[PDB]
Amino acid sequence: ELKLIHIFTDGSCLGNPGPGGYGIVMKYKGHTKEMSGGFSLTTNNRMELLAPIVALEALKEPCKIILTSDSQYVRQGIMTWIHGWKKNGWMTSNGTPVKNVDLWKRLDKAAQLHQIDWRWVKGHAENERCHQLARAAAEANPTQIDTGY
Amino acid sequence: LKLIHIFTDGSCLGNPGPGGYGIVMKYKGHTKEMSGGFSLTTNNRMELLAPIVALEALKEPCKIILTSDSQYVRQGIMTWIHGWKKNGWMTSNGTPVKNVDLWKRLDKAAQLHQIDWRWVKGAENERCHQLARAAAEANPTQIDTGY
Amino acid sequence: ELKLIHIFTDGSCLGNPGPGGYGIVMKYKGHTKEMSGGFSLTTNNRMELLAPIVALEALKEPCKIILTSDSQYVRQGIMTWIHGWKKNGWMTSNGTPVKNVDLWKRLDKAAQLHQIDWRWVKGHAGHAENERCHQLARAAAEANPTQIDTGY
Amino acid sequence: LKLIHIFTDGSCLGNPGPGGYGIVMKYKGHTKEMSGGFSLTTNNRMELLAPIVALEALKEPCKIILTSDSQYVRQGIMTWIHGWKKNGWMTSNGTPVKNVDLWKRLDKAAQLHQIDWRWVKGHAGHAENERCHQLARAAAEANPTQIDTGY
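Chains as they are written, first to last, in UniProt numbering: chain A, 3 to 124, 128 to 154; chain B, 4 to 125, 130 to 154; chain C, 3 to 154; chain D, 4 to 154.
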């Protein structure tokens, strides 16, 4: 039995590109924790994507994950683009490397370690908490660089 | 072996009362934030949980520089802990040390790392204070199983 | 004086045909419950149809129901099928029997008892309670059930 | 004199904590399943709530063989319920009984049916107790948002 973990994820960068950040709520049994992060310049797509990756990368063994996200960007990668890209060597239709490849390869790598059940949202209470986390980090005058951006 | 600066803080709205902690980690040009909220807790437990969460998060052995303005924790890793461990983590006719659940975890986690503590009387600490207060205000439901 | 209940249903079956299950969420005001069941050999369609049959049969009085399902099969028989089929007394034109007539007769009989607003949804993603029903249905299906889907 | 087999469990995940109850109901060839989750509850409320919801779902009087592993439940049925009924539903020092809401519903439901109660040491095995226990865990593990009023 892997541990059962619930992960909730958000990114926010409104003004896009511009400074932004990400938020994460992790639940195990009774325990809940939060991470967040801010960047001086990033996209909303990168934040939405970084948030599940930072939460996954933080785990200390393999686990069974229920992962809930609001991002149509992340959803479509998981369901369609990733398989597509991976079997095209992380090139798009123009031979160009995938925009945000740094991040997609981190997610794909991280996803393999875990039993992930992906939940896609439109309002879930850990997700709202995430949006608060992301907005605060984005608003705390971040200087940190998004290196892959 | 990575060099990480960790900053920590705790906050409690009435003491006792709802609370949270706030943690910043810088490593080269990477910054990440952590926080957490509890429905009923204390100023002291939160000041202590901050560094504990920050240190149990680490995935490998490292050099840490750890800054915190919580005299409670200073006195714990300066003076109290060795004496407490020597007596098997209990007062001197049987009563367990106060917040022992936490000091055990902090002791256990500090061992796994290499740590220079800075004690500061209280920038990244502001951020930590921003994190802890927010987590305290966001109506947390979580229980501090230690009281 | 009628209770307002929100029911949410799914059905699933490892391969197709295969061991299967159904999963149900019933909300009424602040209250939530959950139902499921497992079958040794069945199909996607049977499990999808049986779900709501079992939710409605579980009611003790007549009720106002908003009932959400992603099943196209059940949707097709709600709105056309079950109607076409009762005109012909439950047979095809060749008087060969209607497929899954046992479930179909059960759902029609139960429907009449309640006043029911159906909602059709694309998939369980993301409709939180449908996601729950899908998880209930799979874990009943994955539990090596022994009960038979009386045919089927 | 409809004759039914009913197995119950509850589970909790740290206590108090998210919780759920699991029920398996058997009748001739027909197996049914029931579960329910709450965001904060106890191990005892969940062991007790499980036979309650299972009896409350019955439509008519029944012979029930009811199998559970709750000593919490057993001690109530055997001992405590009789006690408290004759004391106006207070403790020996009369204050209100912890989980009185639940104990009254089980008392009410008990009385409609003829129940043979079977006590077991754990879920292992019959299968059906094992099934309950997976249903209770999985209801607790589903991030339930419902409130146990209750607790």
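We treat Cβ as the ideally placed atom computed from N, Cα and C, and that holds for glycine.
Chain C contact residues for residue i, given Cβ-Cβ distances below 8 Å
{"i": "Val27 (chain A)", "result": "The contacting residues do not exist; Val27 (chain A) stays about 16 Å from chain C at best."}
The alpha helix (DSSP H) enclosing residue i, as first and last residue numbers
{"i": "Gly86 (chain B)", "result": "84–89"}
{"i": "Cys135 (chain C)", "result": "130–143"}
{"i": "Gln149 (chain A)", "result": "Taken as a continuous stretch (DSSP letters only), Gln149 (chain A) belongs to no alpha helix (DSSP H), as it is neither H nor E."}
{"i": "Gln78 (chain A)", "result": "74–78"}
8 Å Cβ cutoff, residue i in contact with chain C
{"i": "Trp122 (chain A)", "result": "yes"}
{"i": "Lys107 (chain D)", "result": "no"}
C-beta neighbour in chain D for residue i, strict 8 Å
{"i": "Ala113 (chain A)", "result": "no"}
{"i": "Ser71 (chain C)", "result": "no"}
Anticipated Cβ contact below 8 Å, residue i with residue j, distance rounded
{"i": "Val76 (chain B)", "j": "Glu50 (chain B)", "result": "6 Å"}
{"i": "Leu105 (chain B)", "j": "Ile150 (chain B)", "result": "Wrong, their Cβ atoms sit about 15 Å apart, outside the cutoff."}
{"i": "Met37 (chain D)", "j": "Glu36 (chain C)", "result": "7 Å"}
{"i": "residue 125 (chain A)", "j": "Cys65 (chain A)", "result": "This structure gives no coordinates for residue 125 (chain A). The numbering of chain A moves from 124 immediately to 128."}
{"i": "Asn132 (chain B)", "j": "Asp12 (chain B)", "result": "6 Å"}
{"i": "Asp119 (chain A)", "j": "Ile68 (chain A)", "result": "5 Å"}
{"i": "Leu52 (chain C)", "j": "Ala112 (chain C)", "result": "Actually they are not in contact, since the Cβ atoms of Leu52 (chain C) and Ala112 (chain C) sit about 11 Å apart, beyond 8 Å."}
{"i": "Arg48 (chain C)", "j": "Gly86 (chain C)", "result": "With a Cβ gap of about 20 Å, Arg48 (chain C) and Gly86 (chain C) do not count as contacting."}
{"i": "residue 126 (chain A)", "j": "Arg134 (chain A)", "result": "You won't find residue 126 (chain A) in this model, because chain A goes from 124 right to 128."}
{"i": "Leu16 (chain A)", "j": "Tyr154 (chain A)", "result": "With 8 Å as the limit, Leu16 (chain A) and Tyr154 (chain A) do not qualify as a contact, their Cβ atoms being about 16 Å apart."}
Proximity test, Cβ basis, 8 Å: residue i and chain B
{"i": "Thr34 (chain A)", "result": "yes"}
{"i": "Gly128 (chain A)", "result": "no"}
{"i": "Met37 (chain A)", "result": "yes"}
Counterpart residues of residue i in DSSP-defined beta bridges
{"i": "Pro99 (chain C)", "result": "C:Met93"}
{"i": "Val27 (chain A)", "result": "A:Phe10, A:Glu36"}
{"i": "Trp106 (chain A)", "result": "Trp106 (chain A) pairs with nothing; no bridge assigned."}
{"i": "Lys5 (chain A)", "result": "A:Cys65"}
{"i": "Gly20 (chain A)", "result": "A:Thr44"}
{"i": "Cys15 (chain C)", "result": "C:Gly22"}
Per-residue contacts from residue i into chain A (C-beta, under 8 Å)
{"i": "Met49 (chain B)", "result": "Near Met49 (chain B) there are no residues of chain A at all, since even the closest Cβ is about 13 Å away, more than 8 Å."}
{"i": "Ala60 (chain B)", "result": "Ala60"}
Residue interval of the beta strand (DSSP E) (run including residue i)
{"i": "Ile55 (chain B)", "result": "Counting along the chain, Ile55 (chain B) falls outside any beta strand (DSSP E), though it belongs to the alpha helix (DSSP H) covering 46–59."}
{"i": "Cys65 (chain A)", "result": "65–71"}
{"i": "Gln117 (chain C)", "result": "117–122"}
Any chain A beta carbon closer than 8 Å to residue i
{"i": "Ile150 (chain B)", "result": "yes"}
{"i": "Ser42 (chain B)", "result": "no"}
{"i": "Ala53 (chain B)", "result": "no"}
Contact list for residue i against chain D, beta-carbon separation under 8 Å
{"i": "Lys31 (chain A)", "result": "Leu16, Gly17, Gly20, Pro21"}
Listed by chain order, chain B residues near residue i by CB distance under 7 Å
{"i": "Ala145 (chain A)", "result": "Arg134, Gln137"}
9 Å Cβ cut-off: residues of chain B touching residue i
{"i": "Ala57 (chain A)", "result": "Those within 9 Å of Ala57 (chain A) in chain B number zero; the least Cβ separation is about 11 Å."}
Near the ligand FAD: residue i beta-carbon under 7 Å from a heavy atom
{"i": "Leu4 (chain B)", "result": "With respect to small molecules bound, the structure shown includes none, and the ligand FAD cannot be examined in it."}
Could you list the residues in the stretch 7–26 of chain D with a C-beta less than 7 Å from some C-beta on chain E, going in chain order?
Considering every chain present, this structure includes no chain E. Its protein chains are A, B, C and D.
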